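If you want the building blocks of each chain, they are given just below.
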Amino acid sequence: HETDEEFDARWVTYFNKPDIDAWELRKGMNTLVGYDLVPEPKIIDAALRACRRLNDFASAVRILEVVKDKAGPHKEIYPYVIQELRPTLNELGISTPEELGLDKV
Amino acid sequence: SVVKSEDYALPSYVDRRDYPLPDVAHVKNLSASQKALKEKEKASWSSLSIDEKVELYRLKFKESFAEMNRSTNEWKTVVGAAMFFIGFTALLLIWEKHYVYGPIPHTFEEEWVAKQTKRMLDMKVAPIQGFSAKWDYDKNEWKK
Amino acid sequence: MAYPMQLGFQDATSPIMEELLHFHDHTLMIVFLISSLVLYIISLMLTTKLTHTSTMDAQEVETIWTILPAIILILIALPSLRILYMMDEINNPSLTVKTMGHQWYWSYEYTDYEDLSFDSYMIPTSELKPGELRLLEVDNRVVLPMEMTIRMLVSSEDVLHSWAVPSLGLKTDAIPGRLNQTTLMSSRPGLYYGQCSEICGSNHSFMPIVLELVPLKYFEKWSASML
Amino acid sequence: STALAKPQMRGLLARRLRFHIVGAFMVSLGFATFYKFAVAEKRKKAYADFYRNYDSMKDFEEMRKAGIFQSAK
Amino acid sequence: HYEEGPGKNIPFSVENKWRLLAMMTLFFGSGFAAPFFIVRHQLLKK
Amino acid sequence: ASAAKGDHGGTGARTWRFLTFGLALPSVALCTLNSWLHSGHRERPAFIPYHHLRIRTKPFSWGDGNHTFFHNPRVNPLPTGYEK
Amino acid sequence: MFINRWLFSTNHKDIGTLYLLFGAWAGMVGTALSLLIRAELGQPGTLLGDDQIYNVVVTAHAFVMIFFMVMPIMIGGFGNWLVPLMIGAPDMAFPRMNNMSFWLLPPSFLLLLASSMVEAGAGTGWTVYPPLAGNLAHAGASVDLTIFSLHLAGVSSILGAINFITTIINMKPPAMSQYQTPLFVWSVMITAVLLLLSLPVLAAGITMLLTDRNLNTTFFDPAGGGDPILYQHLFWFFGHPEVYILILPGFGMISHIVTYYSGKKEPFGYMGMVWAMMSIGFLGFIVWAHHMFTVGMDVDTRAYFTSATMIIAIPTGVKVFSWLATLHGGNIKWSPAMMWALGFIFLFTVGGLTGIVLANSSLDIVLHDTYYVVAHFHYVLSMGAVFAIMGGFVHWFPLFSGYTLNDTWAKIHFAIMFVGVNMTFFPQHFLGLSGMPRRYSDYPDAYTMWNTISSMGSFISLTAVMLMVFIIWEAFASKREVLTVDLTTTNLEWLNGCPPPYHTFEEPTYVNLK
Amino acid sequence: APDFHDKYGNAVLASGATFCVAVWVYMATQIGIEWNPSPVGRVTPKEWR
Amino acid sequence: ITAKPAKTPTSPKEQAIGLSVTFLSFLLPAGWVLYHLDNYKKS
Amino acid sequence: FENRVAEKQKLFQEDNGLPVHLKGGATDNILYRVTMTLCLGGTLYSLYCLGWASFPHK
Ligand SMILES: CCCCCCCCCCCCCCCCCC(=O)OCC(COC(=O)CCCCCCCCCCCCCCCCC)OC(=O)CCCCCCCCCCCCCCCCC
Ligand code: HEA
Ligand code: HEA
Ligand SMILES: CCCCCC/C=C\CCCCCCCCCC(=O)O[C@H](COC(=O)CCCCCCCCCCCCCCC)COP(=O)(O)OC[C@@H](O)CO
Ligand SMILES: CCCCCC/C=C\CCCCCCCCCC(=O)O[C@H](COC(=O)CCCCCCCCCCCCCCC)COP(=O)(O)OC[C@@H](O)CO
Ligand SMILES: CCCCCCCCCCO[C@@H]1O[C@H](CO)[C@@H](O[C@H]2O[C@H](CO)[C@@H](O)[C@H](O)[C@H]2O)[C@H](O)[C@H]1O
Ligand SMILES: C[C@H](CCC(=O)O)[C@H]1CC[C@H]2[C@@H]3[C@H](O)C[C@@H]4C[C@H](O)CC[C@]4(C)[C@H]3C[C@H](O)[C@]12C
Ligand SMILES: C[C@H](CCC(=O)O)[C@H]1CC[C@H]2[C@@H]3[C@H](O)C[C@@H]4C[C@H](O)CC[C@]4(C)[C@H]3C[C@H](O)[C@]12C
Ligand SMILES: C[C@H](CCC(=O)O)[C@H]1CC[C@H]2[C@@H]3[C@H](O)C[C@@H]4C[C@H](O)CC[C@]4(C)[C@H]3C[C@H](O)[C@]12C
Ligand code: CUA
Ligand SMILES: [O-][O-]
Ligand SMILES: [Cu+2]
Ligand SMILES: [Mg+2]
Ligand code: NA
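1. Considering the interface of chain H and chain B
- With 30 residues of chain H at the contact, the number on the chain B side is 33 residues.
- Of the residues belonging to the side of chain H that touches chain B, the class tally is 17 nonpolar, eight polar and five charged.

2. Observations concerning the site of ligand 2
- Close to ligand 2 lie 33 residues, the nearest being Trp-126, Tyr-244, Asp-364, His-368 and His-376 of chain G.
- More than a single chain frames ligand 2: its nearby residues are located in chains C and G.
- Of all the secondary-structure elements, those providing two or more residues to the shell around ligand 2 are α2 (59-88) of chain C together with α8 (228-261), α11 (313-327), α12 (336-359) and α14 (371-401) of chain G.
- For the shell around ligand 2, the element with the most residues is α12 of chain G, which contributes eight residues.
- Here the residues of the shell around ligand 2 are counted per class, giving 21 nonpolar, ten polar and two charged.

3. Quick word on the UniProt feature "binding site: Na(+)" in chain G
All names here are of chain G.
- Under the feature "binding site: Na(+)", the UniProt entry names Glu-40, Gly-45 and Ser-441. In sequence the annotated residues extend across 402 residues, while in space they remain close, none of their C-alpha pairs exceeding 8.3 Å.
- Within the secondary structure, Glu-40 sits in helix α2 (residues 12-41).
- Setting aside its immediate chain neighbours within four residues, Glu-40 contacts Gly-45, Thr-46, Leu-47, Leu-48, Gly-49, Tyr-54 and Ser-441.
- You can call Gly-45 buried: its relative accessible area is 11%.

4. What to know about the site of ligand 1
- Residues in contact with ligand 1 amount to 20 residues; listed here are only the nearest, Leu-28 of chain C, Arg-43 of chain D together with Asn-422, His-429 and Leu-433 of chain G.
- Compared with its free state, where it exposes 1300 Å², ligand 1 has 55% of that area covered by protein.
- Elements supplying a minimum of two residues to the shell around ligand 1: α1 (15-45) of chain C, α1 (12-52) of chain D together with α12 and α15 (407-433) of chain G.
- No other element matches the eight residues that α15 of chain G contributes to the shell around ligand 1.

5. Overview of the pairing of strand β7 (residues 170-174) of chain C
Residues and elements named next belong to chain C.
- Most of β7 sits inside the fold, with five of its five residues counted as buried.
- Here β7 shows a buried face lined by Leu-170, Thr-172 and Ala-174 and a second buried face lined by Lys-171 and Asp-173.
- Of the strand pairs in this sheet, strand β6 (residues 161-165) and β7 are connected by five bridges, and their pairing is antiparallel. For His-161, the partnering residue across the bridge sits in β7 and is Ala-174.
- Counted along the chain from β6 to the antiparallel partner β7, the turn is four residues long, and its residue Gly-169 has a positive phi close to 75 degrees.

6. Describing the interface of chain G and chain C
- Between chain G and chain C, the contact holds 85 residues from the first and 76 residues from the second.
- Elements that contribute at least two residues to the side of chain G that touches chain C include exactly α3 (51-86), α8, α10 (299-311), α11, α12, α13 (361-367), α15 and α16 (448-478) of chain G.
- Broken down by element, the residue count for the side of chain G that touches chain C peaks at nine residues, all from α11 of chain G.
- For the side of chain G that touches chain C, the residue count by class is 46 nonpolar, 27 polar and twelve charged.

Procedures and definitions
- Residues numbered from 1 in each chain as written, not as in the entry; some residues may be left out.
- Chains lettered and ligands numbered in written order.
- Part of a larger assembly, values for the part shown.
- Heavy atoms only, no water.
- Residues with missing side-chain atoms left out of burial classes, pairs and counts.
- Contact = heavy atoms within 4.5 Å.
- Nonpolar A, V, L, I, M, F, W, Y, C, P; charged D, E, K, R; others polar.
- Near = heavy atom within 4 Å.
- Helix = DSSP H or I, 4+ residues; strand = E, 2+ residues; numbered from the N terminus.
- UniProt positions renumbered as here; feature names shortened; annotations may be inferred.
- Buried < 20%, exposed > 50% of the residue type's maximum accessible area, 1.4 Å probe, protein only.
- Areas by Shrake-Rupley, 256 points an atom, 1.4 Å probe, with all protein chains shown as cover.
- Pairing = 2+ DSSP bridges.

Printed below as a string of structure tokens:
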């Protein structure tokens, strides 16, 4: 059993691998959203930068979507996450799902 | 719209909130314009227009999370149709009562039941709770 | 007898039937609780957007879902077995009566002193006197003394039957070549009804039991009257 | 108005389950008490009250007078 | 070898939905009707 | 009999541990419960000096010669009856 | 080619399809019988006749529902279709003997039909107890045709059991242990062991009844020193295992359906589910005399059978809570199959709990041979076994046929059936507590209201049965061909497409040992 | 785009519930079904002997 | 599950036909026997 | 006796398309037709006997 801190660090390291490939990016996110947690901003940050290195803008938006989805009714998680990620979102030019209108049926 | 039947042996696309990054892109065969957009995507995303970012998203994914999670009006059809068929069943029961069943025995006639009821009270049927317990033997009436 | 729209047991006429009523109340509370908890948990599992789809460890929670049902089972079995052994206790009766099942009626024998025997047939619906009960009355009732311990012996002269009186808590199968014993004690005078309780052919539905419980002195008068 | 504080982000499903299993226990406890009053004790009182001053001879005489018996007219 | 694929791995044809409806109606209907006609047979016998 | 269970393919430690904890020890636990329910002393019967019981053809080589090796005063009478 | 394919089959899928067709047809017969029952009881008085014709109907209703609908559908149908696919095997071990297990069933059913057409039928109860079932109270051929019907059904299932055990032990990939096989495969294996051991005892008992009726033996006749109660022991030594046989494949299907539509790769607590099924199977052999608490047995024996029966609640509760824990945390897909399975979990639990009420031999004195027992077993059969059948049918119909159902229609069908079975059977608890006996064509007047309501419920379930037929027609009529399904990584039976080719796994799977 | 349930679901639900209630009420009250309710609070006992 | 569009779509009118035929195939034979019950108990 | 298994192996592995129950030659076909005719005729006859036994007779 690892601390939260050691769990988060493994996942940051995972997504920060410079030559992570597309398969590993998808495996990573698809595995992580199976757990009973919303991933820490430091994890999402590394995953978004992996998307940048893989020239994959759409998956970056999708990752913000599933972060919001994993919070379920806990409406305060996603705005806190976006707040913590706004520097990265600006640097990389990632538009949020809401800014793209992808949050409306 | 009529797809392939080696599909069962190949990775396929799925919109699943717990499988956010499916095995293949939504759009497999890109046009020249779409191919050019993918090239632009290798540059800074800040240089992408909103319309272009949405198009990158729609190349990769079919439905957004909000779209795949939408509620529907199906329950109205299901509940209403079930009530219709349960209603139709009562037509069968009406038919059965009209054409199949004859009269029930004379022991259900009102006077028989009145006498039967007294005889049951006279023998104190269920006197602790069930039946005679609910008769007032002093006041000669049902307990109020 | 049963009455219209009845939901539960006929009112208890014997001490053992009262014990069964209280034991059923206890067990039904547990049945209702477990049923409702399972229904509740189903709704709980189905009403959240939160997910957890990776492997879950089962070991810890399965201690709870074996130990707690084990304790509940013991809490049912303890009063259940107490009543069982109560029913079986030596009680020394003051009267033995035999009943023999037949297709389709019962006969009764009172042979402690006199050699009294008679047949007991359902009253056909077309012969019921006004206010009598369809499918339940007999021509000759089982006259018995109230407030006394009675030994009933049950057998059959043809196929299986079963001799039952629900408000006394009684059901004893009637098996040819076998003499089954049960004990009967009514706390009250009155008329107590039951029905053949093992499928026995054409008129299984139509061979009822009717006990007629009276004070001892009246039972003795009735017996004396049969000489 | 300034910065949002970090909400709980881990174990949300487990937290919901624990809260509602505890709640279900409380309700079960509650209902057990209702049922004992309204059903089990009710029934114990009804039988005890019926019999506490019950006169079986008087009961028989009433039934006998109403003509219910074959053997005692 | 045998035919394979949807509508081909079954002992009845689904080539025509109305012929199929007749078949299925005869199939399930005959099973549902049989106990009523056996009851009538026993009642009529004696 | 095939008993009523049914799990081979290449027998092994895992299966026998499964049997140990899933059948054998639960049965011991059930029998342990059953026995603790039915314990509690039974009335010791009237003493009768039957000649085929409480045999003494030679004193025992311990004690006073007249007590069996696991003598229980509550339930084991001497040839002369229960001790005080 | 048609005769070669469908009469001479040696193919597990086609033989499974034959069983499914046979079981569906039998379900219509059993449904019609159940409606005749509830028509007789739907108002006070007599509709059809006395208890003989009525109890020929009751007896046939039970035999058809158990031997010709549930077991052929679950074991012959889903078992043959799914077990080889789920272990990557190219067919069953004895593919030709498998076809004989199927073709013994139309003759078995014909013998049951014949029993009801000759003389006055076998109005015995599905238990067929002597002396009522003997040659004085049931003279003539009806009961003997019934015995022979059971003999053929018994041989069918015994050979099928031998086939399933052998297939499941011997034909997995060499790396797959028994603890890597899916729970439905486990459930069929355990069911097959119960059949192997229990049916020969039934066969012994009904053969002794045949010789008492025809060769002047007296196994059950006291005039010769025989005992009617011996028959009951022999019958119920089979008949309690038989009800676990009826539900175990259902448990296995429910495990797969709940796992699938919770979006999970695996059921919660796999080894606990295996343990629980094996425990239930074992305990199911040592409890039979709870069908005999009123026959005159000694008190200590009643105490043992009360206790041993109740202990089965412990492994069964593990399965119920494990299904709930499989739902837990799922991305729930509210498919029609999921609705069947959720209805199963709750209604099976109610029926199991009234079974635990009946296990108490003191209370069973008053509840035995009453409608309380009927309520118990129709909750676990009409709302357990049948709900698992309907859930598996709607779930796997696109695999077997290659076509999708209309989900909205299937949900409507579930809704109608749910109302119908509960209206039919819930009031029967009141009828039982208040003393209405089993196997009665008419009842004292006080029992009218709940019999009236119960019969009304039975018509609602009839409307559901009719609608199902229409729904199956609509699917074959419209021909929406399946493309893909989700979760194939943990549902191997789907990975050869819909329907799979006649021969699958000609090249076996690759599974290594790390 | 609107599906079958958007277009018709409101009408199916309203008409279904209306038909079902009306036909069961008719069946229960107008065709001579004998429900045999409790005589408690209902029947006047009448001399029988 | 995903599927191709129906090869031979079944319109609401076709469904009303299939449903009606299906229900009639169950109801009419049983109805005929039950209607004539009295006619059977007298022969 | 001499071991003639190899000649039966050659016979029953001949690539003639015949299923195993017919691969022995014309005798197999005769025995099959006898068996199936007795089975189907016997079954028809059992159906006639049902019809006869289904009504009051003798
Ligand atoms: C889906 C709908 C289809 C339509 C068909 C019906 C479905 C069934 C739904 C029906 C909803 C059921 C809710 C609890 C029913 C208890 C009724 C009762 O008063 O029972 C009384 C007892 C005996 O009681 C007595 O000896 C004294 C009774 C009188 C008390 C004093 C008050 C005097 C007036 C009485 C007024 C009535 C009180 C009721 C008060 C009501 C409290 C809830 O009878 C019995 O034991 C019968 C017990 C049967 C054993 C199964 C129990 C576990 C089921 C729990 C989930 C239900 C699943 C339903 C099956 C599934 C249901 C969804
Ligand atoms: C699918 C079929 C099926 C199943 C699975 C069962 C399961 C059980 N049955 Fe039943 N039974 C029948 C079909 C079935 N039965 C039939 C057909 C008859 C009548 C035969 C005839 O006479 O024709 C019958 C008759 C019958 C009798 C005889 C009654 C009589 O004739 O007088 C008894 C008595 O003990 C009994 C008990 C049980 C018990 C204890 C279970 C247990 O296996 C149930 C266990 C399940 C649970 C208990 C619920 C889930 C558990 C939990 C949620 C955990 C917590 C629960 C507790 C702590 C209690 N059954
Ligand atoms: C599996 C077993 C089973 C099932 C499903 C049923 C279903 C029903 N039973 Fe059954 N019944 C018995 C087994 C079963 N019964 C037994 C063993 C007895 C005791 C016999 C005796 O006493 O000797 C009995 C006794 C019994 C009695 C008591 C008779 C008496 O004591 O006098 C009654 C009365 O209401 C009754 C009614 C019903 C009703 C209304 C249904 C309805 O719920 C039926 C509704 C219809 C279905 C559930 C559909 C069935 C069809 C399918 C599932 C096929 C689906 C097709 C495909 C998937 C392709 N049954
Ligand atoms: C009251 C009167 C009742 C009368 C009922 C009569 C019922 C049925 C008539 C039976 C006709 C039987 C005809 C011969 C059957 C032989 C089956 C057999 O021998 O099956 C073998 C498998 O069973 C095995 O071994 C296992 C061993 C062989 C099993 C053979 C069993 C025959 C059936 C007898 C009944 C058993 C009942 C048992 C319990 C009492 C071979 O299986 P296949 O799938 O064929 O081939 C596989 C290929 O790889 C072989 O090369
Ligand atoms: C007085 C009135 C009495 C009425 C009594 C009946 C009462 C209730 C009837 C309710 C029936 C509901 C049936 C289900 C309807 C929804 C089906 C559905 O929603 O399934 C979708 C339907 O599609 C589509 O067009 C829509 C297709 C809709 C088909 C609707 C057919 C209705 C038939 C009714 C028959 C009633 C007969 C009454 C007796 C005369 C198909 O799914 P996919 O294949 O994934 O998608 C393919 C797309 O290309 C479709 O566009
Ligand atoms: C328990 C399951 C059973 C479910 C109940 C079935 C529901 C009703 C189905 C309709 O059945 C039809 O009813 C007609 C009456 O409406 C009958 O015609 C009969 O009555 C007519 C009018 O009196 C005459 O014209 C006909 O000649 C005479 O056959 C006809 O035979 C019968 O097929
Ligand atoms: C040992 C065996 C298999 C473990 C494995 O190899 O994976 C496991 C599987 C199911 C387990 C059993 C079930 O979880 C049910 C019971 C749970 C209790 O917490 C202990 C005893 C209990 C009876 C368990 C004993 C043991 O841990 C079992 C039998
Ligand atoms: C109702 C009947 C089938 C009855 C049966 O299956 O038992 C079938 C046979 C031929 C069918 C007709 C035609 O062959 C096809 C047409 C299809 C249209 O969409 C409906 C009407 C349409 C004009 C059909 C009406 C109806 O479905 C018919 C008449
Ligand atoms: C029911 C059966 C007898 C069947 C017969 O009459 O043919 C008998 C034979 C052996 C008996 C068992 C054995 O006597 C051992 C146990 C003795 C206990 O007093 C009751 C349970 C106990 C487990 C018995 C239960 C039951 O009476 C059994 C199983
Ligand atoms: Cu006598 Cu039933
Ligand atoms: O059999 O329960
Ligand atoms: Cu049992
Ligand atoms: Mg009985
Ligand atoms: Na009736």
